[PDB]
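Now for the letters of each chain:
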Amino acid sequence: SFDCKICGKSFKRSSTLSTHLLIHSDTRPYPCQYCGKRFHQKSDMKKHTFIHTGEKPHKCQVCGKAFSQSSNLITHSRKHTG
DNA sequence: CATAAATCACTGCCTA
DNA sequence: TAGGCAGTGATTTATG
Ligand SMILES: [Zn+2]
Ligand SMILES: [Zn+2]
Ligand SMILES: [Zn+2]
């Protein structure tokens with residue numbers, strides 16, 4: 001596995017370490033197009049741009065609510081589940 | 001404990 | 001053992 005030589009954590013994928021090394025190098029080449037925030041992962045920014053635009057492609061067919069992130073849908077569905 | 005938004009970290013595909 | 005790209009999930013922060 002790839003272990004970070006800064007804080008001291010491991011990554012099964014060199015890429016997970018890459019983004020992680022980016023946490024130390026603070027590399028955020030994905031700048032919000034509106035409130036200028038900065039992210040280090042396109043889709044995470046795109047999910048940001050959507051919190052603007054108002055896009056929520058994850059529709060819960062349980063209580064008619066919609067979400068930008070699936071994780072937020074998954075957890076949201078987890079509440080419906082039990 | 002729950003919501004809306006934030007940030008991190010795992011995943012599938014490819015080569016010397 | 002090393003490095004990128006695109007898709008997805010689990011986690012935590014800030015607030016009520
Ligand atoms: Zn580290
Ligand atoms: Zn923004
Ligand atoms: Zn719902």
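Residues numbered from 1 in each chain as written, not as in the entry; some residues may be left out. Chains lettered and ligands numbered in written order. Heavy atoms only, no water. Residues with missing side-chain atoms left out of burial classes, pairs and counts.

Its PDB record attributes the structure to solution NMR.

Help me out: how do you make sense of the protein's contact with DNA strand B in this one?
Lining the immediate environment of DNA strand B, one finds 18 residues, of which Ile23, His40, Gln41, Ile51 and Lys79 sit closest. A distance of 2.5 Å separates a phosphate oxygen of DNA strand B from a polar side-chain atom of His40. One of the side-chain nitrogen or oxygen atoms of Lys79 is found 3.4 Å away from a phosphate oxygen of DNA strand B. Breaking the surface near DNA strand B down by element, the ones donating at least two residues are α1 (14-25), α2 (42-53) and α3 (70-81). (Near = heavy atom within 4 Å. Polar contact = N/O pair within 3.5 Å; in protein donor to acceptor, adjacent residues only side chain to side chain. Helix = DSSP H or I, 4+ residues; strand = E, 2+ residues; numbered from the N terminus.)

How should the protein's contact with DNA strand C be read in this particular structure?
Close to DNA strand C lie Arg13, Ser14, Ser15, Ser18, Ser43, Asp44, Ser70, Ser71, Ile74, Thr75 and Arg78. The protein-proximal atoms of DNA strand C, defined as those within 4 Å of the protein, are 30% sugar or phosphate. Between DNA strand C and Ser70, the relevant distance is 3.0 Å, taken from a phosphate oxygen to a side-chain nitrogen or oxygen of the residue. Note that a base nitrogen of DNA strand C is positioned 2.4 Å from one of the side-chain N or O atoms of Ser71.

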